[PDB]
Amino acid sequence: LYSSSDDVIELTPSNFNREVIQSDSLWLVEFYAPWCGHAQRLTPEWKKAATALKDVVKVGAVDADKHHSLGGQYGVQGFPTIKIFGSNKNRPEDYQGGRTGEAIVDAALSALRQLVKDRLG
């Protein structure tokens, strides 16, 4: 679904803690499986969000079929599941908003406003 030609960061269990957990950035992470129609539908919008958010918010994706352990670690019971990783990287909240590029970016900016205002206080 994704490749080096896009701004979506491929997240394996072999870089997750490093790229995401030990990161001061806001992170959006999609947990998917490539055979899942709802996940395929989301792919273009996810890329659009990642590109729009370049250098502002980190946007990742995990094949939680190929890596079910990581999928299990975050209680992923379906695809696509989108998690938002804010100030506290151990309470990532679930996104249940629209799946358009704009909806994702709107949610991304809201979460970002919160991370920054947390920094301030």
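Counting begins at 1, following the sequence as shown.
Averaged over Cα atoms, the B-factor as recorded in the entry is higher for 84-92 than for the other of 84-92 and 33-41. Look at the C-alpha B-factors of 42-50 and of 64-72. On average they run higher in 64-72. Among the modelled residues of the chain, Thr100 sits in the lowest third by CA temperature factor in this PDB entry. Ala108: CA B factor in the lowest third of modelled residues in this chain (values from the PDB entry).
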